[PDB]
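Worksheet for the structure shown next.
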Number of protein chains: 2
Amino acid sequence: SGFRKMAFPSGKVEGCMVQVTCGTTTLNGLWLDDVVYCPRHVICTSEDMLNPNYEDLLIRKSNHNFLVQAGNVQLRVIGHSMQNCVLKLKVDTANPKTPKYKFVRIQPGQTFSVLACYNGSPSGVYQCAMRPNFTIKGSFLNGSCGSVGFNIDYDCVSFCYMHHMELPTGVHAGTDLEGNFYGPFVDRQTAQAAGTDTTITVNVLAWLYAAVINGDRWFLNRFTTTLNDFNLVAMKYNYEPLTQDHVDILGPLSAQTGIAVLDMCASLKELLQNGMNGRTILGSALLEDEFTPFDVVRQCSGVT
Amino acid sequence: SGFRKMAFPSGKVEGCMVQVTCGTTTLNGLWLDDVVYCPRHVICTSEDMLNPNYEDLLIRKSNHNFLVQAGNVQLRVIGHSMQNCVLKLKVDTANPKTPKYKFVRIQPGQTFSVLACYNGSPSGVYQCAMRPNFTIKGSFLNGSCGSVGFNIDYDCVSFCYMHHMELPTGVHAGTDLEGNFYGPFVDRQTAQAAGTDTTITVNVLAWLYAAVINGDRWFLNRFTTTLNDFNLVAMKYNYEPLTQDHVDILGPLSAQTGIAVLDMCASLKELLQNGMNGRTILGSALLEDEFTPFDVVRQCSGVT
Ligand SMILES: CCCCOc1ccc(Cl)cc1CC(=O)Nc1cnccc1C
Ligand SMILES: CCCCOc1ccc(Cl)cc1CC(=O)Nc1cnccc1C
């Protein structure tokens, strides 16, 4: 019993972190096999960031200008290339701590763990969701760029995020490991609209099932609803519209608890319309949307 | 910017986890140097748990009855001893992944990371506080016993908790690494009062400073208070009384923000008396007490 915002064990990712320095800029890189991946803005000076011509800035750099250090040891750079917003530095040594891995592009509403790093050294690990608007609400300071987001299925690390920047609003933006930004963001110091965010309905419902499993049941009611009626409420409260695909993904939790998905929707509808009335659910005084249905099943079953 | 419930990177601890089996019971052990530490109730059957005579149960066990497996490899047990509520299994091989470590007994109100494990395999990592009543509000299922709590200062892991049991109320109890329970708990399947818990005032104040640093400032007011007046409010709301020692530990945050500790106390007093009025602070709709002043300084400065 108990339910926590749990991150994946970060060891397999810690073994991949390196420091990358180019000129005066230092950030983090991810060393997998014989390639080090890092944000391409490592080649910029603070002055270049207003509108960088990355192609031109990279033309002025050679392999020997990229200083890559894995803890105490220096890596020898034998190639460099830019792919979208990431640089790939080919090194002469395969990382001996390379775990089994994949590069994946996550969908908005999915969750992942972030290993925040500074100077190639891990500082902490936390779990977060990719917002529907493709931002993340992380905890990152200057020097954290190149820190990565990931999920782990048994012995395979699926890397889904590399941190690039903080928007003027304090929210975070980054790329997949092929350097493609999530969302409309560009790697420039410019005003960038993040766009309307919504609450991840399927995750709130999953977390309400997690609450029932762990004994917090006060919000259960005698009501039911339909997808159409619930979506009118979701619209008013800036929640993502619930679809049959979301209902299907909640099947295992509905089967375990015996609470039909639309009955849990009616509990959520009442909570949206009436608030918490000063009560809490799983130690929270708001409706939590950073746990997917898969996260709830994993945490409630003890998957390693 | 941003503030998250951040755990320490768990890699150094993952390398110490092993599975311990005795008879029919399997739980986790912590392998440091040539000793494996685990909860002594690994020697019990479910029937023995109502009132186990651990000394008698252990007398029936020999070194070869403790099956210790580090991933795929089996460890050879050459000695066993019980120290308080832990068993120490001497093995013939020092763990090659033993980090620099210490065993510490944390104080109530302090925080630490938990690497939840099942069958010797890490499942996830989360940050939590040792409650003033010596329980932890963790996320643990059957098989998680032997999972550990720790803090990391540079390259040194300070182990402070080993998980032993879930109380009938769903809260968690465990020991330091010398096997001494935190709180009044005993390792028996009996009704055990946890005792009155309180909110960790110094941590709520630290988190309010974290909020101001990250831009959430709506709760700041034109008021001040005294330790005596604030403690009358703390008493009414079941908060720990604030002392000058707590004020001194908040010095660095008060110096960084320029907000005097008693002025932040007046913000906290108003929040206690008036509630949040449907607003949030650092994404929370309640007053968070699981960040110490040291945690806030560390997260706000990027300590690795
Ligand atoms: C001090 C850097 C100012 C320019 O910023 C930038 C402009 C554009 C880009 Cl693609 C990158 C960056 C660096 C950046 O955003 N760093 C960062 C990340 N997360 C949290 C806090 C910080 C300060
Ligand atoms: C299924 C075990 C029942 C007896 O429990 C016990 C009685 C006494 C003791 Cl010192 C240990 C235990 C085992 C225990 O509490 N396990 C556990 C831990 N955390 C979260 C969930 C669980 C089920």
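Chain A residue numbers are taken from Swiss-Prot; in order, the displayed residues are 3264-3567.
If you check the header, you will see the structure was determined by X-ray crystallography, 1.4 Å.
Cβ atoms here come from the backbone N, Cα and C positions, even for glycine.
The Cβ of A:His3304 (active site, for 3CL-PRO activity) has 24 other Cβ atoms within 10 Å, all protein chains considered. Mapped onto three states, the DSSP output places A:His3304 (active site, for 3CL-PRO activity) in helix. Look at Swiss-Prot and you will find A:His3304 tagged as active site, for 3CL-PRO activity, backed by sequence analysis.
For A:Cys3408, the entry in Swiss-Prot reads active site, nucleophile, with the evidence type experimental evidence. A C-beta separation below 8 Å, combined with a sequence spacing of at least six in one chain, links A:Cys3408 (active site, nucleophile) to A:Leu3290, A:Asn3291, A:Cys3301, A:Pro3302, A:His3304, A:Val3305, A:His3426, A:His3427, A:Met3428. When secondary structure is read from DSSP and collapsed to three states, A:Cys3408 (active site, nucleophile) falls in the coil class.
Sequence annotations record features per position, and here Swiss-Prot assigns ubiquitin cross-link to A:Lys3268 (among others) based on experimental evidence. Around the Cβ of A:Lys3268 (ubiquitin cross-link), 23 further Cβ atoms fall within 10 Å across all displayed protein chains. In this structure, A:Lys3268 (ubiquitin cross-link) belongs to neither helix nor strand by DSSP; it is coil.
The ubiquitin cross-link annotation in Swiss-Prot covers A:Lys3353 (among others). The Cβ of A:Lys3353 (ubiquitin cross-link) lies under 8 Å from the Cβ of A:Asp3297, A:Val3298, A:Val3340, A:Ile3341, A:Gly3342, A:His3343, A:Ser3344, each on the same chain and at least six residues away in sequence.
For ligand 1, the nearby recorded positions are A:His3304; that is, of A:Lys3268, A:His3304, A:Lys3353, these have a C-beta under 6 Å from one of its atoms.
For chain B, the nearby recorded positions by a Cβ gap under 8 A, listed in sequence order, are A:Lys3268, drawn from A:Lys3268, A:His3304, A:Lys3353, A:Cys3408.
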